[PDB]
Each structure stands twice: as structure tokens, then as C-alpha cells.
Amino acid sequence: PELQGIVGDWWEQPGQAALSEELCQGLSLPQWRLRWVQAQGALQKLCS
Amino acid sequence: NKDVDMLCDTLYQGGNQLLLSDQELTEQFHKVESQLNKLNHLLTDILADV
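The following refers to the structure shown. (Residues numbered from 1 in each chain as written, not as in the entry; some residues may be left out. Chains lettered and ligands numbered in written order. Part of a larger assembly, values for the part shown. Heavy atoms only, no water.)

## Remarks on the overall build of chain B
This is how the line gets drawn: Helix and strand definitions here come from DSSP, where helices need a minimum of 4 consecutive H or I residues and strands a minimum of 2 consecutive E residues; each element is numbered from the N-terminal end. Just to be clear, the radius of gyration here is over C-alpha atoms, and the globule rule we use is 2.2 Å times residues to the power 0.38. To sort residues, take the accessible area from a 1.4 Å probe on protein chains only and compare it with the maximum for the residue type: under 20% means buried, over 50% means exposed, and anything in between is partly exposed. Working definition of accessibility: Shrake-Rupley area with a 1.4 Å probe, residue cover restricted to the visible protein chains.
Assigned secondary structure in chain B consists of 2 helices and 0 strands. Taking 10 Å as the expected radius of gyration for a compact globule of 50 residues, we find that chain B reaches 19 Å, considerably beyond that expectation. Taken over the C-alpha atoms alone, chain B extends approximately 65 × 15 × 10 Å along its principal axes. Looking at chain B as a whole, 2% of its 50 residues qualify as buried. Surface summary for chain B: the accessible area is close to 4800 Å², and the carbon and sulfur share equals 58%.

## Quick look at a nonpolar patch on the surface
All names here are of chain B. Cut-off, in case you're wondering: Grouping into patches uses exposed residues only, defined as over 30% relative accessible area, and leaves out salt-bridged ones; the cut-off is 9 Å for like charges and 5 Å for nonpolar side chains (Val, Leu, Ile, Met, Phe, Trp, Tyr). The rule for a salt bridge is simple: a side-chain nitrogen of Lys or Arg has to be within 4 Å of a carboxyl oxygen of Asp or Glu.
A surface patch of nonpolar side chains, amounting to about 450 Å² of accessible area, comprises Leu 7, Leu 11, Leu 18 and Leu 20. Residue position: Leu 20 is located in the loop between α1 (2-12) and α2 (23-49). For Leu 20, a relative accessible area of 74% corresponds to the exposed category.

So yeah, pure geometry; function would need other evidence.
As C-alpha cells, then:
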């Protein structure tokens, strides 16, 4: 089960869940990811 | 006759089938093999996921 947890850690949480909006006040990492998803979806819609 | 009797009793050890191998050692080998198979199944599941 420790190796299963290590398998899970790399797959979905490489320091991603260790951030907030107060640290690095400008914009938090989930907001950057959401903006990236919106822009990349627009690019994928334009390419297709 | 007594020699034949406890020789038969020592070799049979209460089982109709002959017991050349040590029986509790044999089931120790069997449970080691079974637990190793379970660990190998878990390990191969982890290998497939990786």
C-alpha cells in the first residue's frame, strides 16, 4: 500500500495540492490551470 | 514385528498415504508459495498500473 500511495502521488499530486491564493498572491495555480484549460480548449476548437 | 510396527508408524505418521516430506514443513512451503503468489499478484497489478 505504500507503493500504491507512491504511485498515486506522482500521477496526480506533484506538489500541486501544496499551494494557496495567499502564497504567491498574484494568481493561484488552480486559476492558472483553469486559464490554461480555457485557452487550450479555444486553440483546440480553432484547430479542429 | 515390533521393529516393523514402529517403522511403519514412523513413516506413515497417521496418514494412509506415505509421508516422505515433513508434513508441517510441506504446508509451510505451501503457505509460503501461496503468500508469494498473492504478493506477486499485487506486484503485477502495480506493474500494470505503472
